[PDB]
Amino acid sequence: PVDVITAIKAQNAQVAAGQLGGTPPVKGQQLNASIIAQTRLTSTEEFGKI
Amino acid sequence: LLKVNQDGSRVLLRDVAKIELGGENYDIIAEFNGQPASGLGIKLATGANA
């Protein structure tokens, strides 16, 4: 079980992504948009595919 | 000290990254008549006398 627990905690999460063009940006930097990383699970499916 | 090498070299933080007394956050920047300024923005508590 302990492994099952770990697995699930690991492959299923949201994570602190960060930012392109973060603050402070570099002089003249001109594109600013968010990073999206690991997203928490949605399906009964995505949990089989663990 | 972050990691000591075989060859007697020390790897200091000073080396691996630049270090400075700086802003906790660089989102918000304030200028008073163009002169640089920092400010206090007071919002009124619920019900207290202005």
# chains A, B, ... in the order shown; residues from 1 in each chain; ligands from 1

$ interface_residues --of "chain B" --to "chain A" --cutoff "10 Å" --atoms "only C-alpha atoms" --output "ChimeraX atom specification"
/B:23,25-28

$ write_last_selection --atoms "N, CA, C and O atoms" --output "CSV table (one decimal), in the first residue's frame"
chain,number,residue,atom,x,y,z
B,23,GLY,N,14.3,43.2,-2.8
B,23,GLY,CA,12.8,43.2,-2.5
B,23,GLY,C,12.3,41.8,-2.3
B,23,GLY,O,12.7,40.9,-3.0
B,25,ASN,N,9.6,41.1,-3.1
B,25,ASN,CA,8.8,41.0,-4.3
B,25,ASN,C,8.9,42.3,-5.2
B,25,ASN,O,9.0,43.4,-4.7
B,26,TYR,N,8.9,42.1,-6.5
B,26,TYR,CA,9.2,43.2,-7.4
B,26,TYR,C,8.0,43.5,-8.4
B,26,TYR,O,8.2,44.0,-9.5
B,27,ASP,N,6.8,43.2,-7.9
B,27,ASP,CA,5.6,43.5,-8.7
B,27,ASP,C,5.3,44.9,-8.7
B,27,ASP,O,5.1,45.5,-9.8
B,28,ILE,N,5.2,45.6,-7.6
B,28,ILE,CA,4.7,46.9,-7.4
B,28,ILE,C,5.8,48.0,-7.2
B,28,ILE,O,6.5,48.0,-6.2

$ select_by_dssp --residues "chain B" --states "helix (DSSP H, G or I)" --output "PyMOL selection string"
chain B and resi 13-16

$ write_last_selection --atoms "N, CA and C atoms" --output "mmCIF file, in the first residue's frame"
data_model
loop_
_atom_site.group_PDB
_atom_site.id
_atom_site.type_symbol
_atom_site.label_atom_id
_atom_site.label_comp_id
_atom_site.auth_asym_id
_atom_site.auth_seq_id
_atom_site.Cartn_x
_atom_site.Cartn_y
_atom_site.Cartn_z
ATOM 1 N N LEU B 13 28.191 29.719 -1.743
ATOM 2 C CA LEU B 13 26.956 30.212 -2.308
ATOM 3 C C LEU B 13 27.322 31.392 -3.190
ATOM 4 N N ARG B 14 28.190 32.249 -2.653
ATOM 5 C CA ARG B 14 28.683 33.438 -3.338
ATOM 6 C C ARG B 14 28.986 33.177 -4.798
ATOM 7 N N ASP B 15 29.471 31.964 -5.067
ATOM 8 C CA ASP B 15 29.899 31.531 -6.405
ATOM 9 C C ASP B 15 28.686 31.106 -7.228
ATOM 10 N N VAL B 16 27.795 30.346 -6.608
ATOM 11 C CA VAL B 16 26.791 29.641 -7.372
ATOM 12 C C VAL B 16 25.640 30.531 -7.786
#

$ select_by_dssp --residues "chain A" --states "strand (DSSP E)" --output "list in words"
residues 19, 20, 33 and 34 of chain A

$ residues_around --residues "residue 13 of chain A" --least-positions-apart "2" --cutoff "8 Å" --atoms "only C-alpha atoms" --output "list in words"
residues 9, 10, 11, 15, 38, 39, 40 and 41 of chain A

$ residues_around --residues "residue 35 of chain A" --least-positions-apart "5" --cutoff "9 Å" --atoms "only C-alpha atoms" --output "number ranges by chain"
A: 16-20

$ atom_distance --atom1 "atom CA of residue 4 of chain B" --atom2 "atom CA of residue 21 of chain B"
26.1 Å

$ closest_residue --among "A:8, A:14, A:2, A:33" --to "residue 50 of chain A" --atoms "only C-alpha atoms"
A:8

$ residues_around --residues "residue 38 of chain B" --least-positions-apart "5" --cutoff "10 Å" --atoms "only C-alpha atoms" --output "ChimeraX atom specification"
/B:28-32

$ write_last_selection --atoms "N, CA, C and O atoms" --output "tab-separated table (two decimals), in the first residue's frame"
chain	number	residue	atom	x	y	z
B	28	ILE	N	5.25	45.58	-7.58
B	28	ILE	CA	4.73	46.93	-7.42
B	28	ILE	C	5.77	48.04	-7.22
B	28	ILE	O	6.51	48.03	-6.24
B	29	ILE	N	5.80	48.99	-8.14
B	29	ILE	CA	6.73	50.11	-8.12
B	29	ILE	C	6.04	51.46	-8.25
B	29	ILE	O	5.18	51.67	-9.11
B	30	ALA	N	6.43	52.37	-7.36
B	30	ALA	CA	5.70	53.60	-7.11
B	30	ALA	C	6.53	54.87	-7.32
B	30	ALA	O	7.62	55.01	-6.78
B	31	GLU	N	6.00	55.81	-8.11
B	31	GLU	CA	6.75	57.04	-8.36
B	31	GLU	C	5.88	58.30	-8.14
B	31	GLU	O	4.77	58.41	-8.65
B	32	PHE	N	6.40	59.22	-7.34
B	32	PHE	CA	5.69	60.44	-6.97
B	32	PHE	C	6.27	61.64	-7.70
B	32	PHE	O	7.35	62.14	-7.38
